[PDB]
Structures are given as structure tokens and as C-alpha cells.
Amino acid sequence: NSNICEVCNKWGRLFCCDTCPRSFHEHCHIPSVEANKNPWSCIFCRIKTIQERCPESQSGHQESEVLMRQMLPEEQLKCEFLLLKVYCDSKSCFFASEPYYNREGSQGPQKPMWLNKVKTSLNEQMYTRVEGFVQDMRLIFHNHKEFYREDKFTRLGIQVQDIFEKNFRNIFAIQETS
Ligand SMILES: [Zn+2]
Ligand SMILES: [Zn+2]
Ligand SMILES: [Zn+2]
């Protein structure tokens, strides 16, 4: 097994996957690493199994059909994995916890949003469709863009949104376009 957390790249109290060499902090894994379960398989391994059981699940899909999917167990898992892929980027730190807004010449967003909130919302089964999750995720980056205006700090929202969007297209097998 790896000697660092796959998500945050630090050592510590790690839980190892039984079917691949990754390791995780307890609350870095999404969902949080399960109390018992021997053997234990990480989210990466669980996502891989879905594809292997249904190879046609990798054929291209339209984003509009994906978004209307109900949050059955497989879609819940895919949204967890997508959220975890964002936490994997170190720039996710800026969007993890509850923000506050007091900058001359700017007003805060009407609906603040942050990664840990989305994580709670997933854990508590508050999203009934894929669209709910993806809307909250895109709202994080849109609020950041609007608030920071012409400050160069706006770029951090563009960068983390790009990680989100590439992983969304991969995980949900969105049809490739020009
Ligand atoms: Zn970690
Ligand atoms: Zn694994
Ligand atoms: Zn199949």
C-alpha cells in the first residue's frame, strides 16, 4: 500500500484498500472509511467494478440526460467520487470551508456554497437527482468568479472548475465533442 493519503498526500492514520494499493485518511475518503468490512475496497475500486460489470456504461452520454438521473446507489457513488476528485487537488482548500465576504467594491453571493457543505449534503442523501449535486458544485466556482471580479484570485475558481468539469465528463462518460 501507499504510505501517503491519496487525497491530501500526507501521512498519518491511514486505512488501506484491500483491492488496490491506495490509502486514505478516514475523512479524506468519501464516503468516510467504513468501521469494519474485511476486505475493504476504496471508491476507486468500486467505480472500476461498475464499469467492468457494464462495459457499455462507458459509451457517450448527453449531459442533459445525466443530470436528470435519480440518485440511485450507482449515481450517488459516482457523485461521491467526483467530489473526491476535486478534494484531490490542493487548490480545493480555498473552497472547502464556509466562506465570508467583505471586500471593497463587491457584495457576497446570495447563496454561498462550499465543498464541505456539498459533502454533508451527499452524506445526508439530500440530492434526489444528479442535477442537484452538479448545480451546487458549479455554484461554488460561479460565486467565486463574481465576488473576486478583476482580482487575479478569480483564476483559482477557473482552475478548480476545470478539474471538476474534466472529471465530470470522465466519470459520467459524457460524449466527446469539439
Ligand atoms: Zn488525507
Ligand atoms: Zn482501492
Ligand atoms: Zn451491461
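Atoms considered below: every heavy atom in the structure, side chains included; atoms not considered: hydrogens, waters and symmetry mates. All residue numbers refer to positions in the sequence shown, counting from 1.
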- Item | Ring centers of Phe153, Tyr148 separated by less than 6.0 Å | yes
- Task: Sequence neighbours left out, what pairs pass salt bridge (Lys or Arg N to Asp or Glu O under 4.0 Å) with at least one residue falling in residues 109-119?
- Result: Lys111-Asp136
- Query: For the hydrophobic clusters of this structure (ILVMFWY residues joined by side-chain heavy atoms under 4.5 Å, transitively), does one cluster hold both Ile4 and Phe44?
  - Reply: no
- Message: Counting only heavy atoms from other residues, nucleotides and ligands, does the tally under 6.0 Å from NE2 of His142 exceed 12?
- Response: no
- Side chains of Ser23 and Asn3 in contact at under 4.5 Å (non-hydrogen atoms): no
- Note on the structure: For residues 158-178, the salt bridge (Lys or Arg N to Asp or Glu O under 4.0 Å) pairs (sequence neighbours left out) are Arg138-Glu165
- Under a single-linkage definition using a 4.5 Å side-chain heavy-atom cutoff for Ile, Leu, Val, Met, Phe, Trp and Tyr, are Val66 and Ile163 assigned to the same hydrophobic cluster? no
- Message: Can you list everything that forms a side chain to side chain contact (heavy atoms under 4.5 Å, CB included) with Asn123? Sequence neighbours excluded, please.
- Response: none
- Begin from the C-alpha positions of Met71 and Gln125 and carry the test side-chain contact (heavy atoms from CB on, under 4.5 Å) through to its verdict. CA-CA 9 Å; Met71 291 281 261; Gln125 299 161 305; over 6 Å; no
- For residues 71-80, which residue pairs qualify under salt bridge (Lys or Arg N to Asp or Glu O under 4.0 Å), counting only residues two or more places apart or in two chains? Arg69-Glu75
- Same cluster for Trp114 and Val7 if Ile/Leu/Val/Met/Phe/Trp/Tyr side chains link at under 4.5 Å? no
- Interatomic spacing from CG in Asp18 to CG in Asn38 - rounded to 0.5 Å: 7.0 Å
- Tell me, please, which residues at least two apart from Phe164 pass ring-ring contact (aromatic ring centres under 6.0 Å, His included). none
- To the nearest 0.5 Å, what is the distance between CD1 (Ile158) and NE2 (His144)? 8.0 Å
- Mind checking side-chain hydrogen bond (donor to acceptor under 3.5 Å, both in side chains) for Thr19 and listing every partner two or more places apart, or none if nothing turns up? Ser41
What side-chain donor-acceptor pairs closer than 3.5 Å can you find for residues 25-32, not counting sequence neighbours?
from  : atom 1 : to    : atom 2 : distance (Å)
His25 : NE2    : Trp11 : O      : 3.1
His27 : ND1    : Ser32 : OG     : 2.9
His29 : ND1    : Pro31 : O      : 2.7
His29 : NE2    : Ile43 : N      : 3.0

- Message: According to salt bridge (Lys or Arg N to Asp or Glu O under 4.0 Å), does anything in residues 143-159 pair up with another residue at least two apart or in another chain? List the pairs.
- Response: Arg103-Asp151
- Message: Nearest 0.5 angstrom please: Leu72 CG to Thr128 OG1, how far?
- Response: 11.0 Å
- Message: Distance check, rounded to the nearest 0.5 Å: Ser64 atom OG versus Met68 atom CE?
- Response: 9.5 Å
- Taking only residues two or more places apart in sequence or in another chain, which ones pass ring-ring contact (aromatic ring centres under 6.0 Å, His included) with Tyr101? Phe147
- Item | Residues forming a side chain to side chain contact (heavy atoms under 4.5 Å, CB included) with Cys20, sequence neighbours excluded | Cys17, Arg22, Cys42, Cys45
- Side chain proximity check, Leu82 to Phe133, heavy atoms < 4.5 angstrom: yes
- Got a donor-acceptor contact below 3.5 angstrom from the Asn143 side chain to the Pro109 backbone? no
Quick one: side chains of residues 84-95, donor-acceptor pairs under 3.5 Å with protein atoms, not counting sequence neighbours, listed by atom name and distance.
from  : atom 1 : to     : atom 2 : distance (Å)
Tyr87 : OH     : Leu115 : O      : 3.2
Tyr87 : OH     : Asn116 : N      : 3.1
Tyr87 : OH     : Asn116 : OD1    : 2.6
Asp89 : OD1    : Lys91  : N      : 2.9
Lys91 : NZ     : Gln159 : OE1    : 2.9
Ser92 : OG     : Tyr87  : O      : 3.3
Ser92 : OG     : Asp89  : O      : 2.7

- Item | Nearest heavy-atom neighbours spanning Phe168 and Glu63 | CE2-OE1, 3.7 Å
- Task: State the OG-CZ distance between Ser57 and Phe172, to the nearest 0.5 angstrom.
- Result: 11.5 Å
- Task: Kindly work out whether a path of hydrophobic side-chain contacts (I/L/V/M/F/W/Y, heavy atoms less than 4.5 Å apart) joins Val160 to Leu139.
- Result: yes
- Message: Working to the nearest 0.5 angstrom, can you tell me the gap between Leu122 CG and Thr120 OG1?
- Response: 9.0 Å
- With the side chain counted from C-beta on, respond yes when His61 and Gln175 share a heavy-atom pair under 4.5 Å apart, and no when they do not. no
- Of all residues at least two apart in sequence or in a different chain, which pass the ring-ring contact (aromatic ring centres under 6.0 Å, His included) check with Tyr127? none
